[PDB]
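Next up is one chain by itself, shown in structure tokens, the form deposited in one PDB entry.
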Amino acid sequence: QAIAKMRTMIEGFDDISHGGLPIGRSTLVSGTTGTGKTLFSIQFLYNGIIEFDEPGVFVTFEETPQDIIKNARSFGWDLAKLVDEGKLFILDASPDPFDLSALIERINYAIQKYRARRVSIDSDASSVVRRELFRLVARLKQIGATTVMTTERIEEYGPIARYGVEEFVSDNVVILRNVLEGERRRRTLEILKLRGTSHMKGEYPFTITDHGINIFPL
């Protein structure tokens, strides 16, 4: 009766997570700029829809839906079609040039409307942050969503996220790195923690290509 996992179908990931993302829980995906956070959270939804007909909700706070859709064309994915078919909903919480309760109600309404099984959320007292994140995680779990939530960090081998508390209130933590060494960049993915279940340890190299994320062996 240990926790079950949901397949990401992201090449390499379901192997190192031994089955995918823990179902009904949130996974924090943290990374410096341009590490593949949005791509991971899109590929999660896109594969849910295409492979399993599991509808998805994508929550954006800054990037517009138009740009998310445009950028996904880089990978040969037609997100506008999936939205039009009612398989995907891009929920725009991005500011026009905060009430967590209101946001949570909108996410819940969208999940019910689209019968969504997968959610991606992308992306000043740390006591405040800790409390609010806790509440968001709790509410998504109550709803039954399996969720990817991305977060920013500014150092490759420093704090997991910005406020030093995000990981401690997350059930699952994944870290994307983009390490510069000898003038070259190397992308890696690490599953740091999955509460109540197993996973491979340490950094695994990956690339972003025309196909999305590809994760490779040691």
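By rigid core we mean the largest C-alpha set that fits within 1.5 Å across both forms. Only residues modelled in both forms are compared. Note that residue numbering follows the sequence shown and begins at 1.
Here the subject shifts to the form deposited in another entry, a form of this protein not shown in this document.
Undergrad: After superposing on the rigid core, which residue out of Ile90, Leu133, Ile111, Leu82 has its C-alpha displaced by 2 Å or more between the shown form and the other one?
TA: Everything else stays below 2 Å; the exception is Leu133.
Undergrad: At a 2 Å cut-off on C-alpha positions, does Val169 qualify as shifted between the shown form and the other one after fitting the rigid core?
TA: Passes the 2 Å threshold, so yes.
Undergrad: Using the form shown as baseline, tell whether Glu167 and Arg187 are closer or farther in Cα-Cα distance in the other form, where the change reaches 3 Å or more.
TA: Farther apart, which means the C-alphas of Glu167 and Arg187 are at least 3 Å more distant in the other form.
Undergrad: Any idea whether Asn108 and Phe168 get closer or farther by CA distance in the other form, knowing it moves 3 angstroms or more?
TA: Relative to the shown form, the pair is closer.
Undergrad: Could you point out the stretches of 3 or more consecutive residues whose C-alpha atoms all move by 2 Å or more between the shown form and the other one when the rigid core is superposed?
TA: In sequence order, the runs that relocate between the shown form and the other one are 98-100, 124-135, 167-169.
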